Amino acid sequence: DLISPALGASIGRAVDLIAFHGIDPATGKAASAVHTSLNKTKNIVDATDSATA
Amino acid sequence: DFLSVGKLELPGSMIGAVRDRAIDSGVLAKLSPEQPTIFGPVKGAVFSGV
């Protein structure tokens, strides 16, 4: 009921993490086997107090 | 002098008995449902997740 479903989701989070930060889901270190992520885009916007805007 | 009303000491009328404010019985009934078990020190295991 608990262990198997969690372990099953553990990879579903892994792919999502790889495609967003290019990180190893185990350790907060950048991966060497991954070249590009959706974070390394140059079109960034510094968040303010508005959040909505 | 004369004959007043203060001599008789007439009894007043009872409006009734009312609470001051509505009763606050708690909120833990809405948040988490009750889990009634038998008498004894209850235990349980939990797993954080992922």
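Caption draft 1: The overall build of chain B, seen in detail. A count of helical and extended segments in chain B gives one helix and zero strands. Against the globule reference of 10 Å for 50 residues, chain B gives a C-alpha radius of gyration of 29 Å, more extended than a compact globule. In terms of principal-axis extent, the alpha carbons of chain B reach across some 95 × 30 × 15 Å. Burial statistics for chain B: of 50 residues in total, 0% are counted as buried. Surface exposure of chain B reaches about 6000 Å², of which carbon and sulfur atoms provide 61%. Positive and negative charge centroids in chain B, built from 5 and 5 side chains respectively, lie 12 Å apart.

Caption draft 2: Examining the overall build of chain A more closely. The secondary structure content of chain A amounts to one helix and zero strands. On C-alpha atoms alone, chain A measures out to a radius of gyration of 15 Å, which is more than a quarter above the 10 Å that the 2.2 N^0.38 rule sets for 53 residues. Along the longest, intermediate and shortest principal axes, the C-alpha atoms of chain A span 40 × 30 × 15 Å. Scored against the burial criterion, the 53 residues of chain A give a buried share of 9%. Only carbon and sulfur atoms are counted for the fraction: they give 59% of the accessible area of chain A, which is about 4800 Å². The positive charge centre, built from 4 side chains, and the negative charge centre, built from 5, are 11 Å apart in chain A.

Caption draft 3: Broad picture of the environment of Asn39 of chain A. Residues and elements named next belong to chain A. Residue placement: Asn39 occurs in the segment after α1 (3-21). Given a relative accessible area of 45%, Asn39 falls into the partly exposed group. With 29 residues separating them along the chain, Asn39 and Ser10 place their C-alpha atoms 21 Å apart.

Caption draft 4: Quick peek at a nonpolar patch on the surface. On the surface, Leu2 and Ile3 of chain A together with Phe47 of chain B cluster together into a nonpolar patch covering about 320 Å² of accessible area. In this structure, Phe47 of chain B sits in the segment after α1 (28-31).

Caption draft 5: Geometry of unusual backbone geometry. The phi dihedral of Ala51 of chain A falls on the positive side, at around 60 degrees, and the residue is not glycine. With respect to the helices and strands, the residue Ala51 of chain A is situated in the segment after α1. With a phi angle near 55 degrees, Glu9 of chain B is a residue other than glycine that sits in the positive phi range. Within the fold, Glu9 of chain B resides in the segment before α1.

Caption draft 6: Layout of the environment of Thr27 of chain A. All names here are of chain A. Inspection of the secondary structure assignment puts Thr27 in the segment after α1. With a relative accessible area of 42%, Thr27 lands in the partly exposed category. Remark: the alpha-carbon pair of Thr27 and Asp1, spanning 26 residues in sequence, is separated by 27 Å.

Cut-off values and rules
Residues numbered from 1 in each chain as written, not as in the entry; some residues may be left out. Chains lettered and ligands numbered in written order. Part of a larger assembly, values for the part shown. Heavy atoms only, no water. Helix = DSSP H or I, 4+ residues; strand = E, 2+ residues; numbered from the N terminus. Rg over C-alpha atoms; globule rule 2.2 N^0.38 Å. Buried < 20%, exposed > 50% of the residue type's maximum accessible area, 1.4 Å probe, protein only. Areas by Shrake-Rupley, 256 points an atom, 1.4 Å probe, with all protein chains shown as cover. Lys, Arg positive; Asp, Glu negative; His and termini not counted. Charge placed at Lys NZ, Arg CZ, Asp CG, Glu CD. Patch = residues over 30% accessible without salt bridge, like charges linked within 9 Å, V, L, I, M, F, W, Y side chains within 5 Å. Salt bridge = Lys/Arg side-chain N within 4 Å of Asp/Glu carboxyl O.

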